[PDB]
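To begin, one chain is listed below as structure tokens, in the form deposited in one PDB entry.
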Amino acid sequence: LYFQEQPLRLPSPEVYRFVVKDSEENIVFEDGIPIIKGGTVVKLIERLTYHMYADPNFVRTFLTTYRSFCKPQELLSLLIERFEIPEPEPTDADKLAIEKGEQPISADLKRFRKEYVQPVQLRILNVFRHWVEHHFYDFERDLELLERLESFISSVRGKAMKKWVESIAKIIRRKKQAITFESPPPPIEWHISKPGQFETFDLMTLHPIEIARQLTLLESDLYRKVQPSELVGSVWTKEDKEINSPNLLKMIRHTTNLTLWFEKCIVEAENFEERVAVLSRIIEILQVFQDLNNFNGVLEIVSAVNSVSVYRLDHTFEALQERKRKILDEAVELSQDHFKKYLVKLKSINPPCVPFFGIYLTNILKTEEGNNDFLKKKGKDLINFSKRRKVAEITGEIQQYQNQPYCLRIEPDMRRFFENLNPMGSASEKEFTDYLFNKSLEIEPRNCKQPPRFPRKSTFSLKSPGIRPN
């Protein structure tokens, strides 16, 4: 700062890549730790494990996003390469002193070992620790990766790192090995279907309160299991999506299936009074979703009534009681103007909640599309790290809602029912979409002044038990 100190004496870049001189051709920063904009993967690794200071924000963001520019096996190889630092060639005077015997090592070599080698090696062990702690799925998905890591840390010498090595081992041990209520949850609610009778379960025979509760528990669990890296690089939309984004895909597919199931229930209710009762029941379920701050569920139902097969059923909507219509329309309004009213509601509510997941997916897709993976250079193009940082900012928002358990008891049969929903049957999504629309045209034909009469299908009461608990 106010005086330049003597430089460290480093090995040559020909024997150790990471000490190649910084330039705009291999590392770039944004405009007290400098913020990395991009670099070669070698320079990114160097800064990930920099000798001058720790960089926890970079370590976290790097480990969340690196799979978009570097393979897991490749990262391990780079970190091992970083670790195995060669010492500079002894100078002629150094060689004299060594041969003379019982002389201290050179001042330059002492500085190098203390100020460069030991800090870098400890930073590498720190990265390993965060990697297995927060991203152990990399090692679950790739057995050779874990075996390589374990083999490497067994090879490390010196008491200075045994604490670190054993700490990494301990985390790996705990990972390899792998409900209470503070206050009593409310009693499970039952309507026509009774405990154990899972063969009779259906939208109108289950209790609307309990449908909403069990779906909220399910959706909360799905949401909680999504890892940020499943979103980075839009990997859930690419070739290896089933391996890279399993929890995200489960969540998306649940939402698709549940929305289609609500639509199916409505349009397959050919009897007019029955159909009005089905839509009314779905609005009651929406109310309880709302009460539970499950906005994922609220917007699944909004999506269902916006669908082209349902939205066109004007006679059905007109027959809704005014209070339920108002409730439905206030929810639909949450989504209007790019989810403006939803977004203000999200920022105000208290946990537990289940956020609408769609808005994160949309924003991530835009960000991935709207930023280049590389910074263009005359030589090798640089990895655009600032792009990854922007994505990680979005995934960080998802995480803030993932540790909020509901005070609701699971109903195992109802849970299985909702996990196993298959509205499409054997149909393709396209086939099923056409099926819904043609059924819609059948039950309320174009330009029909009154919906034709279809016979009632079930014999049970259409009367709802309501959404007040007992």
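Numbers for residues come from their place in the sequence shown, where the first is 1. Take the two forms, superpose them, and find the largest set of C-alpha atoms that agree within 1.5 Å; that set is the rigid core.
For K377, the record comparison shows coordinates absent in at least a third of the other entries of this protein that model its neighbours. In all of the other compared structures of this protein with flanking residues present, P34 is modelled, so it falls below the one-third mark for missing coordinates. For the pair 270-278 and 352-360, the record assigns the higher mean C-alpha temperature factor to 352-360. In this crystal structure, the stretch out of 9-17 and 447-455 whose C-alpha atoms carry the higher mean B factor is 447-455.
Among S335, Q118, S183, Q290, the highest C-alpha B-factor recorded in the PDB entry belongs to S183. The PDB entry assigns its highest CA temperature factor, among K110, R388, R141, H130, to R141.
Compared with the other modelled residues of the chain, the Cα B-factor recorded for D31 ranks in the highest third.
In the PDB entry, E300 places in the lowest third of its chain by CA B-factor. Annotation for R312: C-alpha temperature factor in the lowest third relative to the rest of the modelled chain, per the entry.
For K37, the recorded CA B-factor ranks within the middle third of the chain. Only modelled residues enter the ranking. When the modelled residues of the chain are ordered by C-alpha B-factor, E150 sits in the middle third.
Not pictured, yet referred to below: the form deposited with a small molecule bound.
Between the options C353, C265, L334, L361, the residue in contact with the small molecule in the deposited bound form by a heavy atom within 4.5 angstroms is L361. Residue in contact with the small molecule in the deposited bound form (any heavy atom within 4.5 Å), chosen from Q399, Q197, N371, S155: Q399.
Contact annotation for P208: none of its heavy atoms lies within 4.5 Å of the small molecule in the deposited bound form. The small molecule in the deposited bound form is approached by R224, whose closest heavy atom lies within 4.5 angstroms of it. Within this chain, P228 lines the site of the small molecule in the deposited bound form, having a heavy atom no more than 4.5 Å away. Interface membership of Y342, defined by any non-hydrogen atom within 4.5 Å of the small molecule in the deposited bound form, is ruled out. In short, of 107-115, 161-169, 135-143, 216-224 it is 216-224 that has heavy atoms within 4.5 Å of the small molecule in the deposited bound form. Lining up the core between this form and the one not shown shows that one residue from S77, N306, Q400, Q321 moves its Cα 2 Å or more, and that residue is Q400.
A change of 3 Å or more separates the two forms for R213 and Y401: their C-alpha atoms lie farther apart in the deposited bound form.
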